[PDB]
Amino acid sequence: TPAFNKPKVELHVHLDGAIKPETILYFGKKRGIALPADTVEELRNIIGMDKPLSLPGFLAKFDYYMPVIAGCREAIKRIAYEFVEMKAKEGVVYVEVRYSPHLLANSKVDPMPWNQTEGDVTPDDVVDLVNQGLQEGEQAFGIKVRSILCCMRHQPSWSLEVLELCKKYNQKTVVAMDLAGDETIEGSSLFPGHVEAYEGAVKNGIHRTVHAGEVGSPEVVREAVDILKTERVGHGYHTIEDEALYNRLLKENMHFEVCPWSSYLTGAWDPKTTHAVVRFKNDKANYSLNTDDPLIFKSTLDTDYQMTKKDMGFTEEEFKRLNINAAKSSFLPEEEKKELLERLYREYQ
């Protein structure tokens, strides 16, 4: 009984936030790097969350395992290949994964992440590796998968390189650019590196998406929409607080990448108030359901579909409708996007 047993489309899910607990254990032992636990079960409880934390508290979880992956080509390519497999079983036909290429490299990276020792896995080298694994998984499982490179809010200096990686791997799995990281950092959406990269994304034709409103105020969403020029808004829950900006985003048809379970676990959604998605459903807004970081939220695309069905009262029509919108809002090229839409309709009949 999986709430929605039909093809699906996921526009918001981090790759480094969706790794099997078994592969983390495998590379921790093979590299001799420590892990908080030596059992996928105990490793699932240390890395996972059961109750709400905060954006900066949940982001630390990564410190536990990113060092086991970062720097290893074999691991980077493997996690990308298994990610597809995961989404293939979930009944997802098209996905757009997002990850920071700089956080997985150990060479040519401004501030070395995870106290690594210089190596040869460059950032350009990780977009390639992830492209290979994603492509293999595509031939092996049968689902389309494209990627989205992220700009980290705290590291603006990296931003322009992310833009160059996007231009270089355009369509070669890379279809867009994103701005993730700690949203609580004041004025991070305005740092010049980010602003400049997005200005370059607008003139070079690189799609854009921006994590905003997940935990910040409406001003942040307003900056992602007017100054950064997003085409999609990651989360955008708090947007409803500024009635004017919300009704205008509802008019332009802005797409809101929603992640329900994740908003409860990061604290982006007070469980006493009505979830912004309920208002997105009642207003017939353009939005998709996503998983964000299944490994840390101990979830699966189904989790989110069950959470909206049981609470919030979501029906199957709404599930087929928000998925058709996600396919329309995807960053696929027209031709491929048409095929995607041709597929869901045939399967939704």
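Note that residue numbering follows the sequence shown and begins at 1.
Trainee: On mean C-alpha B-factor from the PDB entry, just flag whether 242-250 or 265-273 is the higher one.
Mentor: Result: 265-273.
Trainee: Regarding 45-53 and 28-36, which shows the higher C-alpha temperature factor on average in the entry?
Mentor: On average, C-alpha B-factors are higher across 45-53.
Trainee: Which of these has the highest Cα B-factor in the record: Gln139, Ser100, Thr122, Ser147?
Mentor: Checking the PDB record, the top C-alpha B-factor among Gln139, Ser100, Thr122, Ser147 is at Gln139.
Trainee: Which has the highest CA B-factor per the PDB entry: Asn290, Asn286, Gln306, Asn323?
Mentor: Within the set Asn290, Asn286, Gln306, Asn323, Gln306 shows the top C-alpha B-factor.
Trainee: When the modelled residues of the chain are sorted by Cα temperature factor, does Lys310 land in the lowest, middle or highest third?
Mentor: According to the entry, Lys310 has a C-alpha B-factor in the chain's highest third.
Trainee: Among the modelled residues of its chain, does the C-alpha B-factor of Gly216 lie in the lowest, middle or highest third?
Mentor: Its C-alpha B-factor belongs to the middle third of this chain's values.
Trainee: Among the chain's modelled residues, which third holds the C-alpha B-factor of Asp110?
Mentor: Tercile = highest for this residue's CA B-factor.
Trainee: Please rank the C-alpha B-factors of the chain's modelled residues and tell me whether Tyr64 sits in the lowest, middle or highest third.
Mentor: Its C-alpha B-factor belongs to the lowest third of this chain's values.
Trainee: Place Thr184 in the lowest, middle or highest third of its chain's C-alpha B-factors, as listed in the PDB entry.
Mentor: Ranked within chain, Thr184 CA B lands in the middle tercile.
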